[PDB]
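Down below is the structure, laid out as structure tokens.
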Amino acid sequence: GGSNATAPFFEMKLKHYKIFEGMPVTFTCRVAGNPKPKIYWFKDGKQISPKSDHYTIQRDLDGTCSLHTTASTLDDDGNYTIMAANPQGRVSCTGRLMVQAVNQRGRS
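Numbering (PDB author numbering), first residue to last: 1 to 108.
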């Protein structure tokens, strides 16, 4: 709290994303918090580590942070909720990503 600061706010929020099973997904979200919130990513409550098996996180200090899914499958279908946690509080926004099952997917 204190003073001389600005509460976190998603000046660019996520939306309802849709993808075919096995295909890559790229999405990003921008905040106007001050100080710049330590943007955290987690999927259905599952904390995401930057540069994981399929979950690549890139946080720009400018205020824009991106999350890329290399291969979004039915097990990756869910809500990639983003949290703008900073000294002035925290705000959650739903990163909904739905996956269409593909019967022709040999990697399924």
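From the three backbone atoms N, C-alpha and C, an ideal C-beta is built for every residue, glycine too.
Minimum C-alpha distance to residue i - residue among the options
i          : options         : result
residue 2  : 64, 76, 35, 108 : 35
residue 32 : 53, 20, 64, 72  : 64
residue 97 : 9, 11, 8, 17    : 17
residue 79 : 13, 8, 12, 42   : 42
Residue i, buried or exposed, once every other Cβ within 10 Å from all chains shown has been counted against 16
i          : result
residue 76 : buried
residue 50 : exposed
residue 95 : buried
residue 72 : buried
residue 61 : exposed
DSSP three-state assignment for residue i, whether helix, strand or coil
i           : result
residue 26  : strand
residue 105 : coil
residue 6   : strand
CB-CB length for residue i against residue j, believed under 8 Å
i           : j          : result
residue 102 : residue 21 : 4 Å
residue 37  : residue 84 : 4 Å
residue 70  : residue 81 : That pair is no contact at about 19 Å.
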